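The numbering of the sequence shown is UniProt numbering, which starts it at 159 and goes up by one.
First up is the structure itself, then whatever we jot down about it.
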Amino acid sequence: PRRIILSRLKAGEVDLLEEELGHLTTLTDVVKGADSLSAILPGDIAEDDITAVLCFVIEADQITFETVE
């Protein structure tokens with residue numbers, strides 16, 4: 159079970175994060191924020207597919223997955 163927070167979007171791209179991840183797999187409890195969205199990605203999803211997707215959906219230096227057991 160893990161978390162994945164990103165900081166680059168704006169006031170409206172939050173759903174875009176949990177969206178692509180929610181369109182390739184089933185997220186868990188993403189949260190919204192000005193430009194920092196925190197999605198809950200487990201250890202049996204497209205984890206590697208998100209680190210690769212989410213980053214190409216925002217950048218390549220503001221994405222990180224912090225386990226939240």
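Note that the Cβ used here is the ideal one computed from N, Cα and C, for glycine as well.
| Query | Result |
| --- | --- |
| List the endpoints of the continuous beta strand (DSSP E) containing residue 303. | Residue 303 is absent from the structure shown; the chain starts at 159 and stops at 227. |
| Determine the contact status of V188 and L167, defining contact as a CB-CB distance below 9 Å. | no |
| Three-state secondary structure (DSSP) at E227? | coil |
| Can you tell me whether DSSP reads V172 as helix, strand or coil? | helix |
| Taking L164 and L212 to be in contact with their CB atoms under 8 Å, please state how far apart those CB atoms are, rounded to whole angstroms. | 6 Å |
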